[PDB]
Every structure is written in structure tokens, then in C-alpha cells.
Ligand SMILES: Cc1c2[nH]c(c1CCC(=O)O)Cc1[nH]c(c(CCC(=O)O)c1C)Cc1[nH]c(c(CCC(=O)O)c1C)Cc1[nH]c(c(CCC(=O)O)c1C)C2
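Shown next as C-alpha cells: one chain only, the form solved without coproporphyrinogen I.
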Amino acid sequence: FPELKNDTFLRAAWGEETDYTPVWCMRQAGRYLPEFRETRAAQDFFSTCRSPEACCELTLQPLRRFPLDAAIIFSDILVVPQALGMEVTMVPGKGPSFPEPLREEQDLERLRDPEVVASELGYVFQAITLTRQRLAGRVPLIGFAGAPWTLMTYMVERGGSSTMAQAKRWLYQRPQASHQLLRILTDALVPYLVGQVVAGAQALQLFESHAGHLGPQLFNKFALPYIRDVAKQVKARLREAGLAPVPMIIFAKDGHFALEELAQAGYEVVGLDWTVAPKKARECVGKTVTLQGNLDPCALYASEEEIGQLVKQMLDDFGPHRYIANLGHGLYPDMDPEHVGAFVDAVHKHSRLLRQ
């Protein structure tokens, strides 16, 4: 692969001092871009996913508009449960879902052996290699996957609820089966993530998007062990394969209660939602880990001038060290591209000021 030109994101991720604060946006490749919708309709969501060229194209689209300091491969977190053998339907406007969710312990018998999952996800590896070659070292490429608990919520609920009452019912009524499902997911994720890195990912983000539905007690029993296990095993396999381990980011949305624990889970970066004040996040995590986040994405509905001020304050709160700017969640589809550009420009402009 070509030599990386801008590595600011990787240096920040490892904790090193940098000349400015690197920035990227969750869902930078998303429906808020007209060119994204255009390209999506050229297949059918997952036929888009399954085309390496299509996934590479959607990944690069934002980088043609904005000087983002990383790219993230376009895919979806549900590719994993699909590769385990759950059927998915694209609901037009209403999103990828499982029409037959896991309902009881017996339903685990329909899942593939997790050890075969990586062979099922070869299309994603191909997209990663292609995107790494086409980026030509401009900025690093981040790979990703959903975290075990969160993937579990999608498998058991049908998809997204507002309570995860059904998922949480599993935890309380079927703890043994829950742990079984979570181990299967873990054992599938590890080879998928190692594979992304073999294919050419230069960092990895684990999305624990549905963390907030758990309180501390359930989270420490059912989410945290698997989060730790994913990091430990990925690092080990990479070492053993002769490869350099990559910075890993854990993002637990609505996970204020777990930040202390997450900072000692084997991840270089803890990503934050917008409900946590940066100074309190820094208190909770300590000074080794890097923080990523955390602007309210709805802040981009404000004026460009207002976005600049909100960014200035966010940066003052985080300070220059151990920090990667991002939003506190993914961009929404009605957002204005030029407001995304303002965000990016503002991070770069004010972070330089803050330094000298």
C-alpha cells in the first residue's frame, strides 16, 4: 500500500502531540450527501455493500468535499449477524431489519459457526483493500463493527426499539443463552476485525450504540467482558500474524456510567456522546486514553458562525492533548453539507490557535 501522507489521526489516537486536532464525522458517508443517495439507488442497500467499488466510492465521497483527517469504510454493523445466517430485508425508508429475530434459546441453532463468518465477509475486505489503494495514503482508513451487546439487540428485537425491553428480558430471564449468543458474536467479530486490518484498515472502531439501555450492573456482566475480549484477542492475532496492531476505539453511546471501566478495556480511544461534558469525561477516563467526540450533531442545524463558536468551546473544554474531534453521534440525513464543512474547518482553525 502507499505510504500514509497525513497521519495526524493515528498520532492523536496513540496519544502523541500534533500540530492540530484531527477530525472526522460518524456517518460522513451518509444520506445528507446527495451524491450518496444517487449511488445507493444504483443497487439495493446490501448489493451496494456487496460491491467493493460501490463501497469504496461512498467512502471517498466525503473526502472530496471536506479535508477530513480519516476515512471510515462504508458498510453496516448488521453485516455480522447476516453473515451468521440471519436474513435481512431493506425496508424502503425504514431501514435494514430482521423479519425473523431470535426469539428463544433454540433459535441459536440457526447461526453459523463464528469461525466461518470471516469467509462470508470477503466483500468487505475487498472494499477495504480497494479503498486503501484508491485513497493513496491521503489519510488513514478506519475499519469497524458493532459491539456484541449491540449486535445482540438487533438480533433479538428485530432491529431498533426504544427500551430494548426484549433484549434486556433475555439478560434477566435467559442469562446463560445470552452469554452464549454474546460469545458467538465475540468469536465472529475477532476474525472479522483482524481481517479488516489484514485487508488494510489502519484503525478500528467498535460501536456499542445501545449501551445506554443497560445500567452499570448489567453492562459490567453482559457488555464489558466481551468488549475487553474483542480488543485483547484482536491485538493477539495481529501480533501473531506478524502485523502491526492498530489504534482501537470503543464508542459506547449513552455510556456515561461506564467510562471509567471503558478507559481500562484495552482501547487507545474512548469515543463520547454529546451528553457528557468533556471536562467530566477527562476526569472519568484519566490521562492515558485518547478521547474522541463529541459535538451534538444537531448543532450543525445552527448557523456556520454558531457552529464555529460551539466548536471553539468544545475544543477549549477538551484541551489540545489526547483528543480527536468528532460528533457525539452520526450525521442525520437532513443535514447541510456546507455545515459539515464548517465543522471540519472550525476544528482545524481553532485547534491551531489553541496551540500557539
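Quick note: we count residues from 1 along the sequence shown, nothing fancier.
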Quick one: higher average CA temperature factor, 295 to 303 or 39 to 47?
39 to 47
On average, which has the higher Cα B-factor in the deposited entry, 186 to 194 or 161 to 169?
161 to 169
If I read the C-alpha B-factors straight from the PDB entry, which of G146, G286, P225, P247 is highest?
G286
Looking at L108, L84, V269, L206, which has the highest Cα B-factor in the entry?
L108
Would you mind ranking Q126 by its C-alpha B-factor against the rest of the chain and naming the third, lowest, middle or highest?
middle
By the entry's values, the third containing the CA B factor of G200 is the lowest
Lowest, middle or highest third - CA B-factor, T59:
lowest
Quick check on the deposited entry: does the C-alpha B-factor of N326 sit in the lowest, middle or highest third of its chain?
lowest
Quick tally, chain-level thirds of C-alpha B-factors: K235 sits in the middle
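One more form of this protein, deposited with coproporphyrinogen I bound, exists but is not displayed; see below.
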Whether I73 contacts coproporphyrinogen I in the entry with it bound should be assessed with a 4.5 Å heavy atom distance threshold; does it?
yes
Is the gap between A29 and coproporphyrinogen I in the entry with it bound 4.5 Å or less for some heavy atom pair?
yes
Taking coproporphyrinogen I as it sits in the entry with it bound, is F251 in contact with it (heavy atom to heavy atom, 4.5 Å or less)?
yes
May I ask you to state whether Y154 is within 4.5 Å of coproporphyrinogen I in the entry with it bound, using heavy atom distances?
yes
Each of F36, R40 and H329 within 4.5 Å of coproporphyrinogen I in the entry with it bound, by any heavy atom, yes or no?
yes
One stretch from 278 to 286, 175 to 183, 117 to 125, 201 to 209 that, in the entry with it bound, holds residues within 4.5 Å of coproporphyrinogen I by heavy atom:
201 to 209
Residue within 4.5 Å of coproporphyrinogen I in the entry with it bound by heavy atom, from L111, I77, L259, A265, is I77
Name the residue from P247, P191, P96, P101 that puts a heavy atom within 4.5 Å of coproporphyrinogen I in the entry with it bound.
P96
For the stretch 42 to 67, I need every residue with any heavy atom inside 4.5 Å of coproporphyrinogen I in the entry with it bound, listed N to C.
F45
